[PDB]
Structure formats: C-alpha cells, structure tokens
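# Quick one: experimental structure and sequence below.
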Amino acid sequence: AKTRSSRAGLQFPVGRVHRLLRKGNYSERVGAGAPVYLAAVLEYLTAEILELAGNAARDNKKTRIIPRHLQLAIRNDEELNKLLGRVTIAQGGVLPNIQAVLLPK
Amino acid sequence: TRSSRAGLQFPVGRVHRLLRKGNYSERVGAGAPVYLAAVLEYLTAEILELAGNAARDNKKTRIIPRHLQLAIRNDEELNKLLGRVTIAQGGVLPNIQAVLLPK
Amino acid sequence: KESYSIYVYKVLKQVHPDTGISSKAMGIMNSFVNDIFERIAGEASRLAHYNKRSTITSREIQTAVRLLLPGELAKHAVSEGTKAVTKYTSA
Amino acid sequence: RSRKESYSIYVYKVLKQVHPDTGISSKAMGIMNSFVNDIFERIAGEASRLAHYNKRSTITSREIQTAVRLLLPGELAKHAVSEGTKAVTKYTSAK
Amino acid sequence: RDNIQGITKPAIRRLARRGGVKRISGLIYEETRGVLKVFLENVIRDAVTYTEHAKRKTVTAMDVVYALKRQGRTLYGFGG
Amino acid sequence: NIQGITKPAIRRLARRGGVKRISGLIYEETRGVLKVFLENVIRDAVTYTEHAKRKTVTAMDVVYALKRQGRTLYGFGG
Amino acid sequence: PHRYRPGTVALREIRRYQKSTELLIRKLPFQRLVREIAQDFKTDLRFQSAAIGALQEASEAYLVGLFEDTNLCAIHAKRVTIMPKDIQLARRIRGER
Amino acid sequence: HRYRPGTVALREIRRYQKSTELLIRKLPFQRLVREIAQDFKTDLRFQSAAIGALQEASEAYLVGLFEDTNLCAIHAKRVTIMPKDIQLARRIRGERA
DNA sequence: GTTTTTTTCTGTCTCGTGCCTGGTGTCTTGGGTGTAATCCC
DNA sequence: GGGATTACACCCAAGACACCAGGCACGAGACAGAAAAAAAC
DNA sequence: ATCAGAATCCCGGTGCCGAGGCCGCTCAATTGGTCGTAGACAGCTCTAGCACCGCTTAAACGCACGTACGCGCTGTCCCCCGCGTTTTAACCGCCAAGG
C-alpha cells in the first residue's frame, strides 16, 4: 500500500491532518502516531453519530438526512446531547415538549 | 530595557519570549508586546485602583482578597468581564432580598 | 478548498448503505467535524504547554479524547484508535 | 534549584505608583499574577484566531488592539487602547 | 428607524408556540424586543469588529460565525 | 460516606447564599448534586494525572480541569 | 356555530410548529432592523445573505430557549400565564445580564 | 424566653456574608473526596493545597446555585426552598438533560 | 384536523472526466525524548 | 519514596528532492421527492 | 410607643509573624550584525450587493365579545426554628498486659 490511508485501512487523509497540525501553530514537532490516532477517533465519531442519523432519518421514510433528523438524533442521545450542550444546528428546532398540564383531559 | 525605553513598567522581552514559546504565531513583530504590556498595565491599574478604594472603605492597609472580590462585583464592565471567575477567599455581595425581610 | 464529502459517503455506505443526504446536512456535518478537530487539537496543545513536552504523540491524543468525550464514547474511541495504531504498526 | 516565575515585583511597583500608602497580602499578589495569566491567555488565543481567520502569521500591535476591543467591554477597552497607543507613540517615536 | 417596532405580535406568538408556550400575557412584547435588541447589539458589534480588522467593507457569514463562537453561543451550519 | 455532610453545613451554605427558610428533602438532593459535580471534576483531574505518569494529582491539574469545565478559579497558581 | 371554548387551537398550532422545519420571523423587517443596529458603530456596511440567515437562525434559537425556561418557570409558578419577571429570572440564572 | 422565628437566621446571614472562611471543615470533606477518588485508580496521593482548591470551588459553586434557587422560590410566591426549585434552576443551567 | 395515497413536475445527486496538487520514498542529522541514576522533599 | 534533575542513548522526523495517481470542478440524466388533491377517521 | 435585655459594634492591647526591605548573585534582555520573504502595496476583473418597482396575496390590525385562569382573600393545619439536652467526631492523656 503506497498511501498511508490504505496503510491504515481507513477513510481519512492522514497527511492532511499532519499538515493541519504543522500549519496550525499547535506544537513545534508532530510525531507519526498522533495524526493516525486522531483521524481514527474522528472516523469513529462520524460512524457513531451517523448511526443515529440513519435510524432517525429512517423514522420518516425518507432516504435523505435533513438537519431536523440530526437534531433529533442528537437530542435523543444522552452523551451527544451533553456533548453538544452549547451547540445549535441550523434548521434544527427542538424536541416535542408537550407538558402534561396541556392535553385536554 | 525596552520598557524603560517605552516608559512603562512591564518587561517586554519576557513577554516576547512567552509569545514565542506559546506557539502563538510563526513570527513576532517589534512593538506588539509593548502594546500588550501597556494593556495589562492599565488593566491592573484600574483593578487595583478600585481595590485601593475598597481598602479605603474598610480602613485596611493590607489588601485582603475580599476587597478584590467586592471591587469586582461592584463595577459593571469588570463584573461582566469576570463573570465566569471566582476567587478563593472570595465571598459574595452582602445582599438581602427585602421581600424576605420581616414586617 | 476541500470538504469531507466522499469521506462521509463512504462512512455512510459502510453504515446505512441505502441512504441519501442533503447538501446542508453535509455542511453541518463538516462544521461539526471541524469543531471537534479544533477542540481536540487545542486541548492537546494545552497538554503540551501544561506539560512542557515539545511534541505530541498518540498518548496525548488518547488522554485528550478522555478529557472531552464522556465514558462510553471515550472507551469505544480509545479502542478504535488503538486498533488503528495496531493495524498501521503491523504494516 | 529551578528558577520559577512571578509578576509580583512589576504590579507591585504599579501599586506603589497608584497608592504609595498601601500594603498587600501575598496570596492576593498571586491572584493578580493569575489574573495577568488569564487575560494574556484569552488575548493570545484571540490573536491565534486572528491569524487563522486572516491566513497570516505575523503579529503586529494592530492585532493586539483589535483583540482587546474584541474581548473587553467598550469604555474600559477604549481607555486601554488609548493608553497602549500613546505608549506605542512614545516608544517608537524614539528608538 | 422604528424597525424595532417591526417586530409583530403574531411572530412572537409563533415563537411562543414552537417554544411551547401556551398562554401569553400582554406585557411581554416590548420586553422581548429589548432583549432581542441587546442580543443583536453585542453580536453585530463583535462581527463588525472582526470585519474592521478584515479591512474589507463587507461582512461575511464566516465573520458572524467566528464572532458567535467567541460568545460561546456557537452555531454550525454555514461553515467556520 | 456521602453522609459526612452535616445538616448545618448546608444550612451555612444557605446562609452565605442568604437563604432564609429550609425544607426537608433539600439535604439529600444537595449531597447528590455535589456528588455529581465532584465526580466530573475529579474524573478529569485524575485523567490529567494519568497523563502526568505520576502518583499525585497536582493542584495545577485541578486548576486546569476547572478551566476545562469553564470554571476558572484564581488564587492557587493557575 | 362551532366557536369552540378554547384549548385545541394553541396546542394544535404547537403541534404544527413542532412538526415544522423552517423560520418564523419573515425576512425584510428583520433585515432592516439589523441594518439599523448596524448603522451605529461603523457606517455604510455591506452584507451577504447567508450571514443574515445565520443571524435569524441563532436569534430564533436564543428566543426559543428563553421561552422554554420561561415556560418551566411558569409551570413552577402554578400558572400558565407568563410574566415578564419570569424572563428576568431566566436571564438572571443564565448570567446574561 | 423564646424569640420569634426568622430573625436569627437573617442576623447570621448578615454575619456569614462577612468572613470568606471555608464552611465545611476539612477532615470529613477530605474523606468524601478520597472515597470518590478511590474508584478510578487505586490510592492516589494528594496535595493538600489541591484539597483546599476543591473545597473553595465546591463551596462557592453551591452558594451561587443556592442564590439562583432562592430567587426562583422568591419568584414562586413563597419563602421556603423546595427540591423542585433546585431541579428548575439546574434545568435552566443544563447540567441534567 | 389528521393523514393517507395517486400523479407530477422537479430540484439535487450521483456518475463521469480531466486537470493538479498535494501525497509519497528515503537519506542525514539532530535533538527529542527513553530511560536510568540520584538526590530530595 | 516517588517526583525532579540530569545524562547517555537512539532514532526516526524535517526537509529536500524526486515520482505520482487521486480530488475536485463541472455536467447530465436520472431519480428520490414535495406537493395537488381526493379522501377516510 | 416603651423598657429590659440579648446581640452586636467598637476601642485599647499585645503579640507575633509575615510583608517588605535588603543584598549578593547569573542568566536572559540586550546590542549589534547579517539574510530573506511576508506583506504593504499597485493594480485587474467580474460578482454581487444595492436600489427600485410592478404584481399577488397572504399576513397583520382592529374590534366584538365572552370568559376563565390570575389573583386577593380566607381558613386551616403542620411542620421547621430554635432553644434546650445529650452526644459523639475529634483530638488529647491512661491502663494492657505482652515484649
């Protein structure tokens, strides 16, 4: 395997990330395992949240993910919601919060 | 020293050093640390000036940190600055909701 | 000025392989990815300057991912990262 | 014996300027050192973001000015900008 | 001028309903206008300051993104 | 354990807060929220010390963990 | 006719606006208010539309959060009618003075 | 004889807004912190200054959260605290989901 | 009111290519840790 | 007794150059899709 | 109002201790000198921000009108304040018998 992405069996460009670290004014030198490690973490985070995205979009018989799906999938998670607490999505809205004092009883 | 050559009180070159070792950029200009040092100088002047007035209030000579927290919590813009800031031996505003005062 | 679009397509085909996406959904995703990357990287730079270590290896990245994400996500991420380290180190 | 840092003597002199008849506790001097640390760190982080949202890596005083009036609230900030600008003139007018 | 009064009561109603608010008092609307105004004051002050150092007389979406990240009310969606 | 928190301690917490009149279940609720607070704090503090490869948590790491939760505290060299 | 002593109107429109996706404040008057605030610190500034849309997005989100905590303040007040000092208490706790 | 209630509490509020000394004394607080610290990695030593830092931050934290909770109850047309008030304040700040 | 179930006309998206630019192979050399001795609080 | 200091080791990143197939901008035609409007509960 | 009496404030007092002066070092600021490209600047080009209007229409405004949660009041009942009484977390001074 010529490319390090094929040498990692992953989907992200590592030397991209290493140049980002170099053109970051982050450290002075950057080792060889840290960019691979961080890119793997990124790839796991993408796949993990896109799981909830896939189920949340499948909730409404629509092949395409909309932003409302993403906000729903975040707020229906616990770890991602405490992750994204200061965070707002464009075209998001919020959850159905109908209080029990409101329904006609 | 450039600070004396700027007629100020904070050491320039220490700050110039810390800007280098902070990975703050790739290159560092000439007088940017002078400007930053003067900013620091006026900030601490204003803060400790109000602290001096706080010691004038209690008629204390040595500054206790309670003076510092009080002078932070009195002024508007300073308290909006240091909103997420707390200090050990701080305390709070001597404050009473008069709706809980008796009749 | 590159976005991460086909990377998202390949992750998506690896997870829900019959799923489309809108444009602005991809935009929010790349916003997300950039935010996460910046937060971790800056926290690693804090690790360096709080620890006087003139470079950063993978161990710093592991402890920073611990410092940002909570438990289950953190442990699964540490697992995935070490597995990637393993397979890249083997070849 | 490793040599550690403080900013105590500097702000100590400044305190002696603005109030000659005034003492201070040691812990509060450490508090002020931490204060300078915190303000410096927020400024420098805004400077790095100034760099990356300007795609430049040189730092001049102009960036410090725009950083301060990004962080600090208005009236205080403009007074501080005035102090810094007059200091820039007094230094760079001479050597 | 007076676009502060361009805020309509039915818009405040719609925001209350997606906000989930059932019952609306009458002394609310101008208070709402004032809070919205102070919010946007701090926002556009910081965005214009970012554009002041930009040396370009036009403010971008990216500018407003960076400025609101500075407030910690950070919003995704448009890149930045 | 968690019951080392006395009733007049949380009462004194109301007093420096300036709170007048006190209910019952307040005490156990207080101990719970204090617990979760210290849980997150000391978790990432020990994470810092894990990276430190050393067997004592520094006061520095405590300070930096407070910064990491946006809870910046001066006073003790931070 | 079918006048309907109330209850279905408000909650039904809540159901509609939470089925909804898009904005609520319409574009032009909000834009003109933005430019009036903008005409105060540096004159004569030009804008791209996406900035304004982000401003509108975050504005409505900010007010939605205000309304949510205000709503819970009212529910704790054993009332459904909101009050202004509800919003003042909410912003007191949010530290946004 | 007997004093009438509410008075001594406010008098000691005026007393306890003065000394910024630590309210929870040391040894039991230290034991509690050590016991929670036990379940991450076994038997870590501690700097006493760090313990004082934890103590300071914890006490100021709880005092401020009490202030917001107290103002919630004052808004709630009452004087006495409730646990639901703490839930309301925390729901505004956003600790719990 | 809700919601479901037909076309329709329809906006985006995925395929499809060419241009290009960053990604890759590898030595030198150096400093940057790796580790171990030791003081030391 | 473990953290602070130092010192000898070692060892592969930085770069610097040489070789390169991918990465993205632009189109096309198709293809998931919002609504029009019956049309039940 | 109003007195008695708790509660607190506030004034010498002394003590002790750390803030501050002070003083002899040495290592980073300085001083000076030498490459170098980043950027301050000149200038080219085409996009897009702006302004304007005509047409469409759905959205706001005013009012008619009942009405029903908000609220002031009420009674009530209960359960925290507080002051008293032990009492046990804590940090000091004595019996065990084993060495």
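Cool, got the structure. Numbering: from 1, shown residues only, chains lettered A, B, ... in the order given.

# Not counting stretch C:59-71 itself, show me its contacts.
Under the contact criterion CB atoms under 8 Å, 6 or more residues apart in numbering or on different chains, stretch C:59-71 has outside partners A:34, A:37-38, A:41, A:79, A:82-83, C:39-40, C:43-44, C:47-48, C:53, C:74, C:77-78, C:81-82, F:44, F:47-48, F:50-51, F:68. C-betas here are computed from N, CA, C, even on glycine.

# how about a cut-off of 7 Å?
Applying CB atoms under 7 Å, 6 or more residues apart in numbering or on different chains, the external contacts of stretch C:59-71 come out as A:34, A:37-38, A:41, A:79, A:82-83, C:39-40, C:43-44, C:47, C:74, C:77-78, C:81, F:44, F:47, F:50-51, F:68.

# Which PyMOL command selects the buried ones in those residues?
The following PyMOL line selects those of the contacts of stretch C:59-71 that are buried, judged by 16 or more other CB atoms under 10 Å in any protein chain shown:
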select buried, (chain A and resi 34+37+38+41+83) or (chain C and resi 40+43+44+47+74+77+78+81) or (chain F and resi 44+47+50+51+68)
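
# Filter the contacts of stretch C:59-71 down to the ones in helices?
A:34, A:37-38, A:41, A:79, A:82-83, C:39-40, C:43-44, C:47, C:74, C:77-78, C:81, F:44, F:47, F:50-51, F:68 (DSSP state H).

# which residues touch the residue of chain C found nearest DNA strand J?
Closest contact between chain C and DNA strand J, by CB to the nearest atom of the strand, is at residue C:2 (3.3 Å). Going by CB under 7 Å, 6+ apart, residue C:2 touches no other residue.

# tell me the phi and psi of it?
Here is the backbone geometry of residue C:2 (degrees, to the nearest 10): phi -80, psi 140.

# Okay, it and chain B: tell me how far apart.
23 Å (CB to the nearest CB, to the nearest Å).

# Residue numbers of chain E in contact with DNA strand K?
E:8, E:9, E:10, E:11, E:23, E:58 (CB under 7 Å from any atom of the strand).

# Mind picking the two most distant members of the residues you listed?
Across the residues of chain E next to DNA strand K, no pair lies farther apart than E:23 and E:58, at 43.9 Å, counting by CB to CB.

# Helices of the chain, start to end?
I went with chain A, as the question did not name one. Using DSSP H, helices in chain A cover A:4-8, A:14-22, A:33-58, A:67-75, A:79-83.

# Can you look at chain G instead?
Secondary structure of chain G by DSSP H: the helices cover G:8-19, G:27-38, G:49-76, G:84-93.

# Residue C:90 is nearest to which of these?
Nearest to residue C:90 among the helices of chain G is helix G:49-76; the distance by CB to CB comes to 46.2 Å.

# buried stuff in the closest one?
So helix G:49-76, judged by 16+ other CB under 10 Å, has buried residues G:50-76.

# elements contacting that helix?
Applying 3 or more CB pairs under 7 Å, 6 or more residues apart in numbering or on different chains; DSSP states H and E, one finds that helix G:49-76 contacts helix E:9-18, helix E:29-54, helix E:61-71, helix G:27-38, helix G:84-93, helix H:83-93.

# As JSON lines, those with distance to DNA strand I would be great.
Below are the helices and strands packed on helix G:49-76 laid out as JSON lines (distance: least, CB to the nearest atom of the strand, whole Å):
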{"stretch": "helix E:9-18", "distance to DNA strand I": "12"}
{"stretch": "helix E:29-54", "distance to DNA strand I": "24"}
{"stretch": "helix E:61-71", "distance to DNA strand I": "18"}
{"stretch": "helix G:27-38", "distance to DNA strand I": "18"}
{"stretch": "helix G:84-93", "distance to DNA strand I": "28"}
{"stretch": "helix H:83-93", "distance to DNA strand I": "28"}
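
# Quick one: closest of the ones you listed to residue H:22.
Comparing those by CB to CB, helix H:83-93 comes nearest, at 22.3 Å.

# Chain B contacts on chain G?
G:95, G:97 (CB under 7 Å from any CB of the partner chain).

# and residue 13, how many residues sit next to it?
The chain I'm using is chain A. 18 (other CB atoms under 10 Å in any protein chain shown).

# wrong one, chain G
A count of nearby residues for residue G:13, using other CB under 10 Å, gives 16.

# quick one, what contacts it?
By CB under 7 Å, 6+ apart, residue G:13 lies in contact with residue E:17.

# What residues sit buried inside stretch G:36-48?
Result for stretch G:36-48 [16+ other CB under 10 Å]: buried residues G:37, G:38, G:45, G:47.

# Distance of the nearest residue to residue A:28 once chain neighbours are set aside relative to chain H?
Closest residue to residue A:28 apart from its sequence neighbours, by CB to CB, 6 or more residues apart in numbering or on different chains: residue C:54 at 5.7 Å. Noted for residue C:54: a distance of 26 Å to chain H, by CB to the nearest CB.

# again with residue E:70
Remark: distance between residue E:70 and chain H (CB to the nearest CB) = 20 Å.

# so that residue makes contact with residue E:43?
No. The criterion here is CB atoms under 7 Å, and residue E:70 misses it with residue E:43 at 10.0 Å.

# What residues does chain C have near chain F?
Within chain C, the positions lying close to chain F (CB under 7 Å from any CB) are C:47, C:50, C:60, C:63, C:66, C:67.

# try 10 Å this time
Contact residues, chain C versus chain F (CB under 10 Å from any CB of the partner chain): C:43, C:46-47, C:50-51, C:53, C:59-60, C:62-68, C:70-71, C:74.

# before we move on, what about chain E?
Checking chain E against chain F by CB under 10 Å from any CB, the hits are residue E:72.

# give me every residue that touches residue A:32.
A:4, A:14, A:18, C:57, C:58, C:88, C:89 (CB atoms under 10 Å, 6 or more residues apart in numbering or on different chains).

# List just the nearest of the residues you listed to chain F.
residue C:57 (11.0 Å; CB to the nearest CB).
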